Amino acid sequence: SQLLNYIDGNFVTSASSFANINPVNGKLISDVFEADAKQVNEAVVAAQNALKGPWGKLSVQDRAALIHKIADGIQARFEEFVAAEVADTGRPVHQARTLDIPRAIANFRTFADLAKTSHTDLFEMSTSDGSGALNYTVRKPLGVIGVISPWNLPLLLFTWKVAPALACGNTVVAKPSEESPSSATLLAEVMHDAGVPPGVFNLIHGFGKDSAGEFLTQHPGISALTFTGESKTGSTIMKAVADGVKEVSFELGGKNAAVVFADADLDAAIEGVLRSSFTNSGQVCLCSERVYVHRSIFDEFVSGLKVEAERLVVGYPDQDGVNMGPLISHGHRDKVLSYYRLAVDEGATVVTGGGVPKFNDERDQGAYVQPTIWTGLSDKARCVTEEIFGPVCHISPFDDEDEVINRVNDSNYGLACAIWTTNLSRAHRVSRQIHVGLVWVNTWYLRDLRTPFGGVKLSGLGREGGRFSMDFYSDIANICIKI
């Protein structure tokens, strides 16, 4: 199969392509045309031009309706979206069916709804002459939005940036991850078939450095760049846009902690930490790679977790009760296994996992690894401070509330934390002292799309979610009328 760019209402190829690899089994799924500078430029210019076309004349109610028509379009090809996401990533079918695609549909519908009910402010004031004045605010499109996205929840995160950009009347030039270009390509078809005017949504394929990613980022025609990926890539991109002083919104790594206090419901914590460490084969920015458990229940916790971890079915996306699929790619398994080793050297006890499973079939040419649990490491070990982004956690005991708060916060990252406790005072007292953007108490990755959703310190810049997306993807302008 072939994946083409979508520029100014046209599918187009390039002077080059790269392969897209299925990671269940190393096989080739598709050729993907790499967008070059000229093609990027042609994309930005057409998104510029589309702002002064029929898109820009739509009322907010008619724009909202079209976006709902985009969402209806995805629902109408639902099983194709599932297949494309799975194929690219190895994600279990069931989870692409209940989380990834439905969420993408809800991203468009939610931001269309926000854009319809959103309004601005009126300020009255007195003047020397006694006649007064009015200041009012108006909401406009920011302009052309560059969107660069990652591979771990391809459609979910691509639509999280694209839906609010379009809802706010912007136009978009979007560059999905090289590793998962398929669901995005299908979206371009949904856009086209829905009647989205040419130039409004442009899809470019490519890599980062020296490819479409970077050219987008350096193009003076964009007004903003929203990005999700590695912290180091954020810093790079921040440098690249600096001369145009472009608006930037970044969601970046974390090294997230879960915390289990003595008075937690132990079973629920074990189950919750299981999900939080090994969901999507631990390839979510939100996953817990450090776990702190109070000393009085530490051994029981580690035993319980070891057991549930070994019951995880690691297999075919469509295999009966499968829980995990592979990593995204071999290159990413190379990094993960490299942490697995570094853990050993640094002194870790391997409670479970620690290498790759053996299938005796095509999956052995894929990119699977095992759910791993470590113990024994100190707070300064590299395997406890750096993001691995695999199905791994380290577990460590603690004694004191103040102590464990300090240990959770002793990080250059700040995305999420989960806390397990049945106590009312503790939950609210400890939550507010954790230096992260998202705390969950007795659950994990529960989602309400109205909330601010982002991290502090190296884990982000700005916030998105709810009115914070409405603010980022819009230009607020103040008009003052002297009376």
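Don't overthink the numbering: it's just position in the shown sequence, from 1.
- Look at the mean CA B-factor for 286-294 and for 354-362 in the entry; the higher one is 354-362.
- When 250-258 is weighed against 128-136, 250-258 comes out higher, by mean CA B-factor as recorded in the entry.
- Note on the listed residues 166, 342, 144, 174: the highest Cα temperature factor in the record is that of 342.
- By the numbers in the PDB entry, the CA B factor is greatest at 346 among 346, 121, 263, 271.
- When the modelled residues of the chain are ordered by C-alpha B-factor, residue 211 sits in the highest third.
- Sort the chain's modelled residues by C-alpha temperature factor and residue 325 lands in the lowest third, per the entry.
- Placement of the Cα temperature factor of residue 149 within the chain: middle third of the modelled residues, per the deposited record.
- Among the modelled residues of its chain, residue 422 has a C-alpha B-factor that falls in the lowest third according to the deposited record.
- When the modelled residues of the chain are ordered by their C-alpha B factor, residue 316 lands in the highest third.
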